[PDB]
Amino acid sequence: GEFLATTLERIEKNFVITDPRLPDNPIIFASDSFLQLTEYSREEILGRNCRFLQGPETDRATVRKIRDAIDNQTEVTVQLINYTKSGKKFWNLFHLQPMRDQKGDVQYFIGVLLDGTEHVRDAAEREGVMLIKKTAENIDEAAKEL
């Protein structure tokens, strides 16, 4: 397909990297697992804001939590319903955080997705957050010199 996966994009997790410094803070890198999850080609989502994953059952208060984290340049972890290309709904245990350069300025946003079948709580929530935070920290290491 168009836009061969970079080594970063073959990391075995669902994530995207956006560039705020571009119009509507769009996706510039998307992992192979993210494309498998969402059913989009890479060429179908590069240069688009991630909000295309939202649909009728997505809680809009939760979306605004993500908006406010981006605006305040800070992390957030939320759960929300997202939609594939085929309209299959999935729960997304989602973690955002900024990636900072050597001056401390936000250079990218990293978003890590753990797709599930229900809203999770208690142990499943804790283990999911452990996994997506750990993942975000390796992507912050990978993405640092892009």
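One rule holds for the numbers: they count along the sequence shown, beginning at 1.
In this entry, 42 to 50 has the higher mean Cα B-factor, the comparison being between 74 to 82 and 42 to 50. Of the two segments, 22 to 30 and 117 to 125, the one listed with the higher mean B-factor is 117 to 125 (C-alpha atoms only). Taking only the listed residues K65, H95, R100, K89, the entry reports the highest CA temperature factor at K89. When all modelled residues of the chain are sorted by CA temperature factor, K13 is found within the middle third. When the modelled residues of the chain are ordered by C-alpha B-factor, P56 sits in the highest third.
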